Amino acid sequence: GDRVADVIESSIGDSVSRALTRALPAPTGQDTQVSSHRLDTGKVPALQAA
Amino acid sequence: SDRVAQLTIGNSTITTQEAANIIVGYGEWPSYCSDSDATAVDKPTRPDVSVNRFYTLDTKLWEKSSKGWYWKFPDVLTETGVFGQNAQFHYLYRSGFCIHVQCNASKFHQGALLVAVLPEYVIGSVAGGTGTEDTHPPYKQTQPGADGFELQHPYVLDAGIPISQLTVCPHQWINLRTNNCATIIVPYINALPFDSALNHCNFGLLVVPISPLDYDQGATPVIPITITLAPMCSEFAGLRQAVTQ
């Protein structure tokens, strides 16, 4: 049987496909919520990294 | 209780002592665009009192041989005041209107004016008379501006539609014997929640004398017709640099 730790704790055989995303229903286009002027530092949605 | 009225909006007030009630276009007051009807995502500007006020744009002289005049909306205000500035700086447009036509005479004058609001009043040409020429009305005729335009054939309204059926549209009669003013409140009439205030004319106002003016010689021969109007619930969207036409 399995007596060595590297076999007992081994992840070999884990056939589940870890999916970081899950499908969500979207019958219509996304709604647009109210926004106001926002003047703050440190936090910046505009600057991204492609 | 129905002949005297006072309309106040913005910083302007219009009074009348021989009114003939108020017509609400299609039984619907002007209102702001609902969030379930709006399609633009930017927040519209609602200047309120700076644009929702009575503008006195021009004065036309009624004569015994006059054919009639028409104005295009909001063309008449595309170049007037803060409303015109906003319409030039903003791509989108939405507003109602309150049109008050003034035409005052004495108890010895007679005549009847038909003041009507015809949405999407497309002006056609005479097609060279015979109809074999595919002409189009000039820019100065399709968008007359604040001066309006005199109808050539008021019977067909220069568009092939009889004026006898014009009363199906929101309308009032200025019959000089009783009333000297016509008040029509017109909501936004379009297939779109917003539209360009320069390219598209939502509706045209028609002032056509059905019964010719008459009076014995000696009375005041100058009977002016003055158009006064006030946008209601005006919205604007899509700001950019100003565009003149």
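Cβ coordinates were reconstructed from backbone atoms using ideal geometry, including for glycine residues, and neighbour counts include every protein chain displayed. Read-outs throughout are calculated quantities, based only on the coordinates presented, and are distinct from any laboratory measurement.
List, in order, the whole-Hz ³J(HN,Hα) value for each residue of the range B:80-91 obtained from phi through the Karplus relation with A = 6.51, B = -1.76, C = 1.60 and θ = phi - 60°; use x for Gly and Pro.
For the range B:80-91, the Karplus curve yields 9, x, 5, 4, x, 4, 5, 5, 6, 7, 10, 6 Hz.
Could you list log10 I(q)/I(0) for the range B:5-239 at q = 0.07, 0.10, 0.15 Å⁻¹, which the Debye formula gives when each Cα is one point scatterer?
-0.24, -0.48, -1.03
For q values of 0.07 Å⁻¹, compute log₁₀ I(q)/I(0) with the Debye formula on a Cα-only model of the protein assembly as shown, without solvent.
Here the Debye-derived log intensity ratios amount to -0.39.
Evaluate the charge dipole of the protein assembly as shown about its Cα centre and quote only its size in Debye, nearest 20, assuming +1 on the Cβ of each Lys and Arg and -1 on the Cβ of each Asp and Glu.
Charge dipole, the protein assembly as shown, about its Cα centre: 540 debye, nearest 20.
Mind scanning B:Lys67/B:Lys140; B:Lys60/B:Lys107; B:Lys72/B:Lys107; B:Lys43/B:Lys72 and naming the pairs with a C-alpha gap bigger than 24 Å?
In this structure, B:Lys72/B:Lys107; B:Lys43/B:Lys72 lie more than 24 Å apart at Cα.
Suppose every K and R has +1 on its Cβ and every D and E has -1 on its Cβ; what is the size of the dipole of chain B about the Cα centre, in Debye to the nearest 20? Display every interim value, and only then the final one.
Details: 13 positive and 21 negative charges, 87 e Å.
So the dipole magnitude of chain B works out to roughly 420 debye.
Hey, what number do you get for chain B at 222 nm if only DSSP H runs of n ≥ 4 count, each worth -39500 (n - 2.57), divided across all residues, to the nearest 500?
The helix contribution divided over chain B gives -1500 deg cm²/dmol.
Suppose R0 equals 22 Å; then what is the FRET efficiency for B:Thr226 and B:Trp29 from their Cβ-Cβ distance, rounded to the nearest 0.05?
In this case the efficiency is close to 0.35.
Projecting each Cα onto the charge dipole of the range B:5-239 (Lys/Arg +1, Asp/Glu -1 at the beta carbon, about the Cα centre), which of B:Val76, B:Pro144, B:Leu57 comes out farthest on the positive side?
B:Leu57
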